[PDB]
């Protein structure tokens, strides 16, 4: 339930919010952590504040009450007026209170609240806010609390949104005018469709000073999440430019230097600036060379995949072990071949073509009644009946216990089409010739009838598999973990395509590559040469 932020990052965030504070002008700053936990951030804040007060004690004594401002009174003052924490875990709050007391008679009152930060009536705003909020996705969040969030945090929380969206909104709302906030959250809201409303909220309510994007680097040990650090303020500024620090090597160990600033200035990161006013609903955080590249491609292409194609997600059985069998399984002798479909996984998809399938799907929707094919139900599917009965559509009666949860439309699959994995390190679009079915880890599309004369499957896999389109898609794609991007229709269908004088030769090269890849003695080397030639053709076409 508790996650420890590495000390280097905590130090960076506290220094980011407090390094230029004018303690003489305002000796009563309110610093808040609304998910403080054991006190990772607040103890460092206490250290920084103590040094800040102690270095200016005599100036404070001369400008204000000379009896109040003594070194012996610093500790008490810090706990009374400066440090605020909130967390829902009682034990963490008790431990933090003990630590803050032990940093150094009457008892000082420590501003630590044990509550739900999203429900607390906050009585005042704050000068500085730091911390690491909790991340809960749509599956792991309780439905009652989700009803609450959808009612009260609708500006950022809808559909498949995350709890830390609400923490972002809460932080922004309780930040004093001129205040500074700095947090570490998952990076996914920067590009995801669920994060659109949250991105709009941030852009329209704060000045984003700085974004540190670690991409697929493993910041939290033994945790599968990809992180970023956001720093924003509510200052009166007429410029609103963002400093973006994007990591270049995801294999880096984070403790190579003493400070995170040394790492950011180093050759391990790239830095660039983004105009906050030029942000659309999407945040395209790239350097000027990449921006030029992306804009050239966008302007030159007249069509998008959405215009010319029909997209769809694969089968969602709701229990794969009940419906998927190895093609050499003896139990398939009980199933009529009219009920069997070819089944592939994301790993069976290469550039341009699909591996031969090793699995079969029982399309159980076509089973009329339980008495005609009783053997299939009793001996194959029924072995998981309990689990099958706990699916949502079974509990509500919309679906029989032996039916596929989301069987889609068969006719969408039993046709020539293009398939691609839902998560990959590179563009892998293939032409499926074999009426392959797949789960939701594989997405498919086919070309609309009215665009068949303008675009062929061979040409499309030719350009989509090129290095140009690999880089082009990765510009705006959703970076998930190390060497993994989401390849989902909400972005894949936005890919723009072109049609010009190089169409015929690109198509010929694609057909040659496909012909070689379907041979017995594959000579992959000539495939690589042909791909290089096609990439040259594409770069000529797009004017890069």
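Numbering follows the first chain given and starts at 1.
According to the entry, the deposited sequence has 4 to 9 residues without coordinates between residue 104 and residue 105. Here the stretch with the larger average CA B-factor, out of 344-352 and 239-247, is 239-247. In this entry, 62-70 has the higher mean Cα B-factor, the comparison being between 62-70 and 491-499.
The residue among 381, 460, 193, 183 whose C-alpha atom has the highest B-factor in the PDB entry is 381. Residues shown: 114, 310, 198, 130. Highest C-alpha temperature factor in the entry: 114. Among the modelled residues of its chain, residue 529 has a C-alpha B-factor that falls in the lowest third according to the deposited record. Compared with the other modelled residues of the chain, the Cα B-factor recorded for residue 535 ranks in the lowest third. The PDB entry assigns residue 441 a C-alpha temperature factor belonging to the lowest third of its chain's modelled residues.
Annotation for residue 336: C-alpha temperature factor in the highest third relative to the rest of the modelled chain, per the entry.
Ranked within its chain, residue 260 lands in the middle third, by CA B factor from the PDB record.
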